[PDB]
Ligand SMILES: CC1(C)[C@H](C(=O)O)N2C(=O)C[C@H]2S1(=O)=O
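The data below hold one chain only, encoded as structure tokens and taken in the form deposited without the ligand.
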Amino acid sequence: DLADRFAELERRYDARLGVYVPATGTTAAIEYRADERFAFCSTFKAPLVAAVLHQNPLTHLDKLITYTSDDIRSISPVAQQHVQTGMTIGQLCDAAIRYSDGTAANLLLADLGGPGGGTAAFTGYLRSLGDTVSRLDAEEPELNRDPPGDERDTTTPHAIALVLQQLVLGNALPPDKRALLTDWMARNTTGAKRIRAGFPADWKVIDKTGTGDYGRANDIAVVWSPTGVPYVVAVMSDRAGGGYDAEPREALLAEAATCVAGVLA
């Protein structure tokens, strides 16, 4: 049925596809390799912002953090323009979500403190939401480079979709803080050609992307039908058959999204 098209898309692009849509009151759950482990990549930056907000009052957003050029390890379109001025935590939240800024994600992890530069505290945050499967061990850019089969810095479409459901649709955050997280994801600038490109234009899409080596390309989203019904969609992919230098395929994540839309309609 639907698993034959996902398995078909896997064949067309030479990839491994993981899909999960948590069931609503009227629609059942969509699952394709939903419980297989995939690599977080940049998708952790969205629930990471929720950890910082959950721990501190809104006044913490105005605290300024200064850094040096030696701290810039990865793609950081915004952090590279502020080495002399510094950035406040709120701006680091903005950069980490809407621009996938890697340095801003590393600084926010250090704000969580603790061993591993904050990775153990971040894993602790996911456990508080009920996720006992996911784990973050390294920072940018090392967390995108773990070999296949290595369970470090991994999650599942099942686990990540339910985490995002609580932050956007649930009560994981108070309403004022919940408003800040959704707005940033709503004005994200990196996902134009993935889940957004698969749904019709009159469906609202907010998302956070992820990309790494071994052809890894992820997108996590909450979408709204024209009538206003919300759905959470997790799509993850890798192409380990082509090794470290595998080229990611954004078209695979658009096709899979369209398949999901034809079922939810």
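Start at 1 with the first residue shown and count on from there.
The discussion below concerns the form solved in complex with the ligand, not included here.
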Open or blocked: the ligand, posed as in the entry with it bound, superposed onto this form via site C-alphas, with 3 or more ligand atoms within 2.4 Å of backbone or C-beta counting as blocked?
-> open
Interface membership of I75, the ligand in the entry with it bound, 4.5 Å heavy atom rule | yes
Is the gap between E140 and the ligand in the entry with it bound 4.5 Å or less for some heavy atom pair?
-> yes
Contact between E31 and the ligand in the entry with it bound at 4.5 Å, heavy atoms?
-> no
May I ask you to check whether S237 falls inside a 4.5 Å heavy atom distance of the ligand in the entry with it bound?
-> no
In the entry with it bound, which of 207 to 215, 22 to 30, 47 to 55, 221 to 229 comes within 4.5 Å of the ligand (heavy atoms)?
-> 207 to 215
Checking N144, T119, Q165, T156 against the ligand in the entry with it bound, the residue with a non-hydrogen atom inside 4.5 angstroms turns out to be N144
